[PDB]
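2 protein chains.
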Amino acid sequence: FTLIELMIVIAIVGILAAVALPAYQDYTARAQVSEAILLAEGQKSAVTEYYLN
Amino acid sequence: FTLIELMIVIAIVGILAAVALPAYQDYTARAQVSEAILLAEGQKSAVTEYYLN
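Here the protein sequences line up with chains D and A, keeping their order.
Just so you know, we're using PDB author numbering here: the first sequence kicks off at 1 and counts up by one.
Just so you know, we're using PDB author numbering here: the second sequence kicks off at 1 and counts up by one.
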């Protein structure tokens, strides 16, 4: 008898595929969301520039 | 498993290269555009000088 050793595999086979993937496509999103933010960084002072002058 | 840690790098690798570079070559331009303006500063009074006398 070994099957419970196979059972535990197929328990490992059914993986979670952690929410630490989709919370980190949401924070990979935070990466390229930031890529949008880093654009905004340029306009921060330029928009400001119009706003002040 | 770590790959999403590599994913997020290659999301950082693809950088924005912010428009705060080309809006600030346009305002680096404003620097040496100003370098043209600072020339004009001399002629402001000299052109004026002819204009008044």
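Note that beta-carbon positions come from the ideal geometry of N, C-alpha and C, so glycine has one too.
When you compare the CB positions of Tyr-24(D) and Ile-4(A), do they come within less than 9 Å of one another, or not? Contact: yes.
For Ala-46(D), return the contacting residues in chain A, with the cut-off set at a CB-CB distance below 7 Å. Identification of chain A residues near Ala-46(D) by a Cβ-Cβ cut-off of 7 Å yields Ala-23, ordered along the chain.
Short CB-CB distance (under 9 Å) between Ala-31(D) and chain A: Using a Cβ-Cβ cut-off of 9 Å, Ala-31(D) counts as an interface residue toward chain A, since at least one Cβ of chain A sits closer than that to its own.
At a CB distance below 7 Å, what residues from the segment 3 to 22 of chain A approach chain D? Give them in sequence order. Cβ contacts with chain D: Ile-4, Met-7, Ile-8, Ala-11, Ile-12, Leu-16, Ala-18, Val-19, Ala-20.
Does the Cβ of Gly-42(A) have 16 or more other Cβ atoms within 10 Å, making it buried, or fewer, making it exposed? Classification of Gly-42(A): exposed, given that the 10 Å Cβ count is below 16.
Can you check whether the C-beta of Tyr-27(A) is within less than 9 Å of a C-beta belonging to chain D? Interface residue, yes.
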